[PDB]
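Notes for the one structure printed next.
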Amino acid sequence: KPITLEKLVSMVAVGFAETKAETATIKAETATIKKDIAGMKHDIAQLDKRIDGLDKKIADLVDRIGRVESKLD
Amino acid sequence: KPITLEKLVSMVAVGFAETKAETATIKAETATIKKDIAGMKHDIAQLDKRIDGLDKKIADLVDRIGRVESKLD
Amino acid sequence: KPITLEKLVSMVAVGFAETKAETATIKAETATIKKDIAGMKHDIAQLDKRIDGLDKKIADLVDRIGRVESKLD
């Protein structure tokens with residue numbers, strides 16, 4: 001194995017391209033994860049909203065039951 | 001520092017292995033993040049479900065209060 | 001292009017530093033993604049809590065309507 005200069009030249013080239021190509025894969029996956037998270041934060045914020053809506057309806061029903069429990073008497 | 005060919009050979013080897021090993025760490029973390037997100041999307045979908053259940057119960061109570069408010073009169 | 005030993009020495013150095021610097025960027029982004037997820041798991045757990053609170057209020061209103069529907073008769 002008299003491993004030469006032009007050979008290591010090529011080994012360096014291809015090694016770097018590999019490591020770079022693998023990096024890029026991780027970058028892409030990372031970008032798609034970011035996007036999933038933006039979507040999930042939105043779904044959580046929408047659920048928060050729905051629940052705000054039920055808090056209000058619940059306030060209303062507690063008031064309507066009050067009116068009736070008292071009027072009944 | 002008469003930095004030689006067989007020396008850079010070794011430096012190239014170990015450098016690449018490093019960068020590769022570090023890459024693999026990022027890949028693994030990325031995989032565990034993916035899995036956390038799959039779980040979180042499921043928890044959000046289950047919360048959506050629970051809330052669907054409360055929407056229905058709320059429809060029911062609004063109807064039962066109606067029956068009584070009117071019958072009372 | 002009589003590409004020499006000291007030249008590839010430099011190319012190796014700078015290539016590695018690059019790939020290392022790019023790696024570090026991915027690591028940082030990965031760390032901030034982890035942190036977003038810790039926050040999102042907390043928001044989901046808090047929503048779970050809010051809903052536990054509405055389950056209880058709903059139990060209460062179903063009981064109060066019961067008392068009245070029956071007393072009315």
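Identifiers for the structure tokens are assigned positionally: chains receive A, B, ... in sequence, residues are indexed from 1 per chain, and ligands are indexed from 1 in the order shown.
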
Next item on the list: Please report as a VMD selection string which residues of chain A come no farther than 9 Å from chain B, using only C-alpha atoms.
Entry: chain A and resid 3 to 5 8 11 to 12 15 to 16 19 22 to 23 26 29 to 30 33 36 to 37 40 43 to 44 47 50 to 51 54 57 to 58 61 64 to 65 67 to 68 71 to 72

Least-squares align chain C to chain B using all Cα atoms paired by position, then dump the moved coordinates as an mmCIF file with N, CA, C and O atoms, in the first residue's frame.
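Final output, saved to selection_37.cif:
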```
data_model
loop_
_atom_site.group_PDB
_atom_site.id
_atom_site.type_symbol
_atom_site.label_atom_id
_atom_site.label_comp_id
_atom_site.auth_asym_id
_atom_site.auth_seq_id
_atom_site.Cartn_x
_atom_site.Cartn_y
_atom_site.Cartn_z
ATOM 1 N N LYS C 1 8.515 22.030 11.846
ATOM 2 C CA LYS C 1 7.296 21.278 11.435
ATOM 3 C C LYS C 1 7.313 20.796 9.930
ATOM 4 O O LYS C 1 6.523 21.261 9.081
ATOM 5 N N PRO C 2 8.200 19.834 9.599
ATOM 6 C CA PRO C 2 8.260 19.345 8.204
ATOM 7 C C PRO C 2 7.072 18.351 7.960
ATOM 8 O O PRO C 2 7.258 17.149 7.813
ATOM 9 N N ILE C 3 5.845 18.879 7.984
ATOM 10 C CA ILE C 3 4.614 18.050 7.945
ATOM 11 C C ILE C 3 4.529 17.205 6.670
ATOM 12 O O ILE C 3 4.499 17.739 5.567
ATOM 13 N N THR C 4 4.528 15.889 6.858
ATOM 14 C CA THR C 4 4.734 14.927 5.779
ATOM 15 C C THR C 4 3.380 14.401 5.279
ATOM 16 O O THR C 4 2.360 14.482 5.984
ATOM 17 N N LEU C 5 3.443 13.806 4.094
ATOM 18 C CA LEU C 5 2.406 12.900 3.491
ATOM 19 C C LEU C 5 1.830 11.826 4.421
ATOM 20 O O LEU C 5 0.663 11.877 4.655
ATOM 21 N N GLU C 6 2.603 10.889 5.015
ATOM 22 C CA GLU C 6 1.918 9.877 5.880
ATOM 23 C C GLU C 6 1.274 10.508 7.071
ATOM 24 O O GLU C 6 0.187 10.089 7.498
ATOM 25 N N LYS C 7 1.827 11.610 7.553
ATOM 26 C CA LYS C 7 1.161 12.325 8.617
ATOM 27 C C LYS C 7 -0.226 12.926 8.242
ATOM 28 O O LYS C 7 -1.266 12.806 8.953
ATOM 29 N N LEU C 8 -0.298 13.578 7.086
ATOM 30 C CA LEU C 8 -1.548 14.118 6.647
ATOM 31 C C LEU C 8 -2.495 12.999 6.328
ATOM 32 O O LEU C 8 -3.664 13.054 6.685
ATOM 33 N N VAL C 9 -2.008 11.932 5.727
ATOM 34 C CA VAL C 9 -2.836 10.685 5.662
ATOM 35 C C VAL C 9 -3.520 10.387 6.921
ATOM 36 O O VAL C 9 -4.743 10.226 6.993
ATOM 37 N N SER C 10 -2.774 10.396 8.080
ATOM 38 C CA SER C 10 -3.415 10.073 9.340
ATOM 39 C C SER C 10 -4.301 11.117 9.781
ATOM 40 O O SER C 10 -5.423 10.864 10.236
ATOM 41 N N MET C 11 -3.868 12.379 9.586
ATOM 42 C CA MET C 11 -4.767 13.500 9.943
ATOM 43 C C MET C 11 -6.065 13.520 9.203
ATOM 44 O O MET C 11 -7.153 13.776 9.783
ATOM 45 N N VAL C 12 -5.980 13.191 7.909
ATOM 46 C CA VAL C 12 -7.223 13.055 7.125
ATOM 47 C C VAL C 12 -8.130 11.951 7.683
ATOM 48 O O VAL C 12 -9.330 12.157 8.052
ATOM 49 N N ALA C 13 -7.548 10.739 7.837
ATOM 50 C CA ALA C 13 -8.355 9.688 8.459
ATOM 51 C C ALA C 13 -9.115 10.059 9.730
ATOM 52 O O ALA C 13 -10.338 9.946 9.796
ATOM 53 N N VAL C 14 -8.389 10.520 10.770
ATOM 54 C CA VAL C 14 -8.949 10.817 12.025
ATOM 55 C C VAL C 14 -9.885 12.015 11.883
ATOM 56 O O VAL C 14 -10.982 12.024 12.395
ATOM 57 N N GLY C 15 -9.584 12.955 10.969
ATOM 58 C CA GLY C 15 -10.502 14.100 10.886
ATOM 59 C C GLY C 15 -11.806 13.807 10.385
ATOM 60 O O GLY C 15 -12.864 14.153 11.008
ATOM 61 N N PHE C 16 -11.797 12.972 9.322
ATOM 62 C CA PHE C 16 -13.019 12.463 8.811
ATOM 63 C C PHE C 16 -13.780 11.618 9.774
ATOM 64 O O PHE C 16 -14.993 11.771 9.922
ATOM 65 N N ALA C 17 -13.105 10.678 10.403
ATOM 66 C CA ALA C 17 -13.862 9.864 11.365
ATOM 67 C C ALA C 17 -14.551 10.757 12.404
ATOM 68 O O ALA C 17 -15.753 10.537 12.743
ATOM 69 N N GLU C 18 -13.822 11.737 12.957
ATOM 70 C CA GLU C 18 -14.457 12.706 13.822
ATOM 71 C C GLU C 18 -15.705 13.329 13.227
ATOM 72 O O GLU C 18 -16.866 13.325 13.722
ATOM 73 N N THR C 19 -15.518 13.931 12.076
ATOM 74 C CA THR C 19 -16.638 14.654 11.557
ATOM 75 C C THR C 19 -17.772 13.732 11.280
ATOM 76 O O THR C 19 -18.918 14.031 11.545
ATOM 77 N N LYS C 20 -17.468 12.515 10.873
ATOM 78 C CA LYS C 20 -18.495 11.515 10.672
ATOM 79 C C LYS C 20 -19.163 11.144 11.991
ATOM 80 O O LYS C 20 -20.443 11.070 12.151
ATOM 81 N N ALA C 21 -18.327 10.955 13.006
ATOM 82 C CA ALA C 21 -18.919 10.565 14.349
ATOM 83 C C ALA C 21 -19.849 11.660 14.906
ATOM 84 O O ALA C 21 -20.836 11.375 15.634
ATOM 85 N N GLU C 22 -19.478 12.927 14.637
ATOM 86 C CA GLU C 22 -20.269 14.049 15.102
ATOM 87 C C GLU C 22 -21.577 14.176 14.372
ATOM 88 O O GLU C 22 -22.620 14.452 14.961
ATOM 89 N N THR C 23 -21.476 14.080 13.051
ATOM 90 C CA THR C 23 -22.668 13.828 12.205
ATOM 91 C C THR C 23 -23.633 12.773 12.675
ATOM 92 O O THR C 23 -24.887 12.990 12.718
ATOM 93 N N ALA C 24 -23.104 11.572 12.944
ATOM 94 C CA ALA C 24 -23.957 10.535 13.478
ATOM 95 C C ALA C 24 -24.645 10.951 14.734
ATOM 96 O O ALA C 24 -25.797 10.539 14.988
ATOM 97 N N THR C 25 -23.956 11.707 15.621
ATOM 98 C CA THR C 25 -24.620 12.191 16.884
ATOM 99 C C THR C 25 -25.785 13.073 16.531
ATOM 100 O O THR C 25 -26.914 12.963 17.037
ATOM 101 N N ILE C 26 -25.566 13.944 15.562
ATOM 102 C CA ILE C 26 -26.669 14.847 15.172
ATOM 103 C C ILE C 26 -27.831 14.086 14.562
ATOM 104 O O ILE C 26 -28.995 14.341 14.884
ATOM 105 N N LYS C 27 -27.489 13.070 13.792
ATOM 106 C CA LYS C 27 -28.521 12.225 13.194
ATOM 107 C C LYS C 27 -29.364 11.573 14.256
ATOM 108 O O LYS C 27 -30.591 11.639 14.175
ATOM 109 N N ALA C 28 -28.724 10.941 15.268
ATOM 110 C CA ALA C 28 -29.441 10.319 16.371
ATOM 111 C C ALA C 28 -30.346 11.290 17.119
ATOM 112 O O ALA C 28 -31.478 10.981 17.402
ATOM 113 N N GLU C 29 -29.815 12.454 17.490
ATOM 114 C CA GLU C 29 -30.637 13.452 18.154
ATOM 115 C C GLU C 29 -31.858 13.847 17.292
ATOM 116 O O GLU C 29 -32.921 14.079 17.805
ATOM 117 N N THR C 30 -31.634 13.976 16.001
ATOM 118 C CA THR C 30 -32.644 14.308 15.030
ATOM 119 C C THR C 30 -33.660 13.233 15.004
ATOM 120 O O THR C 30 -34.859 13.522 15.004
ATOM 121 N N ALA C 31 -33.224 11.978 15.019
ATOM 122 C CA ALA C 31 -34.204 10.886 15.102
ATOM 123 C C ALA C 31 -35.042 10.928 16.366
ATOM 124 O O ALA C 31 -36.252 10.742 16.301
ATOM 125 N N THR C 32 -34.436 11.186 17.528
ATOM 126 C CA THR C 32 -35.229 11.278 18.768
ATOM 127 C C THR C 32 -36.168 12.501 18.778
ATOM 128 O O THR C 32 -37.229 12.473 19.356
ATOM 129 N N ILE C 33 -35.808 13.558 18.073
ATOM 130 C CA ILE C 33 -36.665 14.729 17.972
ATOM 131 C C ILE C 33 -37.875 14.388 17.119
ATOM 132 O O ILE C 33 -39.016 14.702 17.493
ATOM 133 N N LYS C 34 -37.640 13.726 16.009
ATOM 134 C CA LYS C 34 -38.738 13.221 15.179
ATOM 135 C C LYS C 34 -39.726 12.403 15.988
ATOM 136 O O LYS C 34 -40.946 12.608 15.916
ATOM 137 N N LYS C 35 -39.208 11.493 16.802
ATOM 138 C CA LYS C 35 -40.055 10.653 17.568
ATOM 139 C C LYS C 35 -40.833 11.518 18.573
ATOM 140 O O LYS C 35 -42.031 11.338 18.685
ATOM 141 N N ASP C 36 -40.192 12.472 19.273
ATOM 142 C CA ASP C 36 -40.951 13.379 20.220
ATOM 143 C C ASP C 36 -42.108 14.096 19.541
ATOM 144 O O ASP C 36 -43.209 14.226 20.104
ATOM 145 N N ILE C 37 -41.844 14.567 18.339
ATOM 146 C CA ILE C 37 -42.852 15.244 17.557
ATOM 147 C C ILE C 37 -44.016 14.341 17.159
ATOM 148 O O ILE C 37 -45.157 14.771 17.198
ATOM 149 N N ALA C 38 -43.737 13.091 16.755
ATOM 150 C CA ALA C 38 -44.817 12.122 16.442
ATOM 151 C C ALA C 38 -45.733 11.952 17.652
ATOM 152 O O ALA C 38 -46.948 11.933 17.536
ATOM 153 N N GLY C 39 -45.119 11.905 18.837
ATOM 154 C CA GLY C 39 -45.842 11.794 20.072
ATOM 155 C C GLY C 39 -46.664 13.038 20.379
ATOM 156 O O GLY C 39 -47.731 12.944 21.012
ATOM 157 N N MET C 40 -46.155 14.208 19.995
ATOM 158 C CA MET C 40 -46.792 15.477 20.365
ATOM 159 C C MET C 40 -47.991 15.692 19.435
ATOM 160 O O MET C 40 -49.091 16.088 19.850
ATOM 161 N N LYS C 41 -47.794 15.417 18.159
ATOM 162 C CA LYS C 41 -48.913 15.429 17.217
ATOM 163 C C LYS C 41 -50.062 14.519 17.660
ATOM 164 O O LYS C 41 -51.246 14.821 17.382
ATOM 165 N N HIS C 42 -49.729 13.405 18.309
ATOM 166 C CA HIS C 42 -50.731 12.467 18.817
ATOM 167 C C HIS C 42 -51.421 13.053 20.004
ATOM 168 O O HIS C 42 -52.618 12.941 20.084
ATOM 169 N N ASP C 43 -50.663 13.632 20.952
ATOM 170 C CA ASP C 43 -51.260 14.304 22.124
ATOM 171 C C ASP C 43 -52.203 15.452 21.686
ATOM 172 O O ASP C 43 -53.244 15.626 22.260
ATOM 173 N N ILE C 44 -51.834 16.224 20.667
ATOM 174 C CA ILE C 44 -52.676 17.323 20.171
ATOM 175 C C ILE C 44 -54.006 16.754 19.584
ATOM 176 O O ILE C 44 -55.122 17.197 19.945
ATOM 177 N N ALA C 45 -53.889 15.709 18.767
ATOM 178 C CA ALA C 45 -55.031 15.011 18.176
ATOM 179 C C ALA C 45 -55.985 14.429 19.221
ATOM 180 O O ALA C 45 -57.186 14.439 19.030
ATOM 181 N N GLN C 46 -55.436 13.901 20.306
ATOM 182 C CA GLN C 46 -56.231 13.425 21.466
ATOM 183 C C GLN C 46 -56.934 14.554 22.225
ATOM 184 O O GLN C 46 -58.061 14.380 22.690
ATOM 185 N N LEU C 47 -56.249 15.689 22.386
ATOM 186 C CA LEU C 47 -56.861 16.873 22.982
ATOM 187 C C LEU C 47 -57.981 17.346 22.082
ATOM 188 O O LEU C 47 -59.015 17.671 22.594
ATOM 189 N N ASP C 48 -57.740 17.461 20.769
ATOM 190 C CA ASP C 48 -58.789 17.795 19.814
ATOM 191 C C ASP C 48 -60.033 16.889 20.052
ATOM 192 O O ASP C 48 -61.133 17.392 20.151
ATOM 193 N N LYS C 49 -59.810 15.579 20.191
ATOM 194 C CA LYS C 49 -60.854 14.582 20.483
ATOM 195 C C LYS C 49 -61.621 14.915 21.788
ATOM 196 O O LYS C 49 -62.842 14.958 21.801
ATOM 197 N N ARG C 50 -60.895 15.163 22.881
ATOM 198 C CA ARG C 50 -61.525 15.474 24.176
ATOM 199 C C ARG C 50 -62.436 16.643 24.060
ATOM 200 O O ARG C 50 -63.548 16.628 24.592
ATOM 201 N N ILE C 51 -61.954 17.665 23.372
ATOM 202 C CA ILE C 51 -62.709 18.876 23.179
ATOM 203 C C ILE C 51 -63.961 18.571 22.318
ATOM 204 O O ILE C 51 -65.028 19.098 22.608
ATOM 205 N N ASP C 52 -63.835 17.744 21.277
ATOM 206 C CA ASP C 52 -65.013 17.311 20.481
ATOM 207 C C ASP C 52 -66.065 16.725 21.442
ATOM 208 O O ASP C 52 -67.225 17.083 21.393
ATOM 209 N N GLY C 53 -65.620 15.879 22.367
ATOM 210 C CA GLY C 53 -66.485 15.351 23.423
ATOM 211 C C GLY C 53 -67.195 16.361 24.320
ATOM 212 O O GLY C 53 -68.356 16.175 24.672
ATOM 213 N N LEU C 54 -66.494 17.418 24.714
ATOM 214 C CA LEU C 54 -67.098 18.512 25.470
ATOM 215 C C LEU C 54 -68.047 19.380 24.624
ATOM 216 O O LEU C 54 -69.047 19.866 25.126
ATOM 217 N N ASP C 55 -67.729 19.606 23.358
ATOM 218 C CA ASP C 55 -68.674 20.293 22.470
ATOM 219 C C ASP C 55 -70.030 19.604 22.479
ATOM 220 O O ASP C 55 -71.067 20.272 22.487
ATOM 221 N N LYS C 56 -70.010 18.270 22.429
ATOM 222 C CA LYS C 56 -71.242 17.500 22.425
ATOM 223 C C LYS C 56 -71.956 17.612 23.763
ATOM 224 O O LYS C 56 -73.164 17.839 23.789
ATOM 225 N N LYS C 57 -71.240 17.489 24.876
ATOM 226 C CA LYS C 57 -71.900 17.576 26.161
ATOM 227 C C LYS C 57 -72.509 18.946 26.354
ATOM 228 O O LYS C 57 -73.605 19.060 26.880
ATOM 229 N N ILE C 58 -71.778 19.973 25.949
ATOM 230 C CA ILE C 58 -72.272 21.339 25.983
ATOM 231 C C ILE C 58 -73.544 21.533 25.135
ATOM 232 O O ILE C 58 -74.486 22.173 25.575
ATOM 233 N N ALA C 59 -73.582 20.973 23.931
ATOM 234 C CA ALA C 59 -74.813 21.023 23.141
ATOM 235 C C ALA C 59 -75.987 20.467 23.973
ATOM 236 O O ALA C 59 -77.080 21.041 23.998
ATOM 237 N N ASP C 60 -75.732 19.349 24.658
ATOM 238 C CA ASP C 60 -76.727 18.648 25.467
ATOM 239 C C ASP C 60 -77.230 19.495 26.621
ATOM 240 O O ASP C 60 -78.430 19.592 26.855
ATOM 241 N N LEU C 61 -76.321 20.103 27.357
ATOM 242 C CA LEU C 61 -76.716 20.935 28.489
ATOM 243 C C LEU C 61 -77.469 22.184 28.050
ATOM 244 O O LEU C 61 -78.431 22.573 28.691
ATOM 245 N N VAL C 62 -77.069 22.803 26.955
ATOM 246 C CA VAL C 62 -77.801 23.957 26.451
ATOM 247 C C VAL C 62 -79.246 23.571 26.103
ATOM 248 O O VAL C 62 -80.162 24.368 26.335
ATOM 249 N N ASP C 63 -79.437 22.358 25.569
ATOM 250 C CA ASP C 63 -80.782 21.818 25.253
ATOM 251 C C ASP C 63 -81.578 21.549 26.539
ATOM 252 O O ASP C 63 -82.763 21.889 26.608
ATOM 253 N N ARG C 64 -80.937 20.970 27.560
ATOM 254 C CA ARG C 64 -81.623 20.662 28.834
ATOM 255 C C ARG C 64 -82.006 21.897 29.638
ATOM 256 O O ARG C 64 -83.095 21.991 30.209
ATOM 257 N N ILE C 65 -81.141 22.885 29.638
ATOM 258 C CA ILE C 65 -81.517 24.157 30.218
ATOM 259 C C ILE C 65 -82.691 24.753 29.437
ATOM 260 O O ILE C 65 -83.657 25.146 30.041
ATOM 261 N N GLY C 66 -82.623 24.814 28.111
ATOM 262 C CA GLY C 66 -83.777 25.240 27.325
ATOM 263 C C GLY C 66 -85.111 24.613 27.709
ATOM 264 O O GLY C 66 -86.115 25.323 27.864
ATOM 265 N N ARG C 67 -85.128 23.291 27.863
ATOM 266 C CA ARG C 67 -86.350 22.548 28.186
ATOM 267 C C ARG C 67 -86.926 23.055 29.493
ATOM 268 O O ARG C 67 -88.137 23.244 29.613
ATOM 269 N N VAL C 68 -86.045 23.271 30.465
ATOM 270 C CA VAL C 68 -86.456 23.686 31.796
ATOM 271 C C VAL C 68 -86.859 25.162 31.884
ATOM 272 O O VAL C 68 -87.891 25.461 32.480
ATOM 273 N N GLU C 69 -86.047 26.069 31.319
ATOM 274 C CA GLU C 69 -86.368 27.510 31.278
ATOM 275 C C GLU C 69 -87.765 27.710 30.692
ATOM 276 O O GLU C 69 -88.548 28.506 31.219
ATOM 277 N N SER C 70 -88.082 26.964 29.625
ATOM 278 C CA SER C 70 -89.394 27.081 28.955
ATOM 279 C C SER C 70 -90.513 26.414 29.767
ATOM 280 O O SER C 70 -91.603 26.961 29.873
ATOM 281 N N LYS C 71 -90.232 25.252 30.363
ATOM 282 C CA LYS C 71 -91.268 24.501 31.077
ATOM 283 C C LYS C 71 -91.643 25.234 32.339
ATOM 284 O O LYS C 71 -92.817 25.473 32.584
ATOM 285 N N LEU C 72 -90.637 25.639 33.104
ATOM 286 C CA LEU C 72 -90.815 26.603 34.198
ATOM 287 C C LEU C 72 -91.846 27.714 33.869
ATOM 288 O O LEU C 72 -92.571 28.152 34.754
ATOM 289 N N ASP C 73 -91.921 28.165 32.615
ATOM 290 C CA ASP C 73 -92.942 29.148 32.200
ATOM 291 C C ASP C 73 -94.167 28.485 31.582
ATOM 292 O O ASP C 73 -95.230 28.480 32.173
#
```
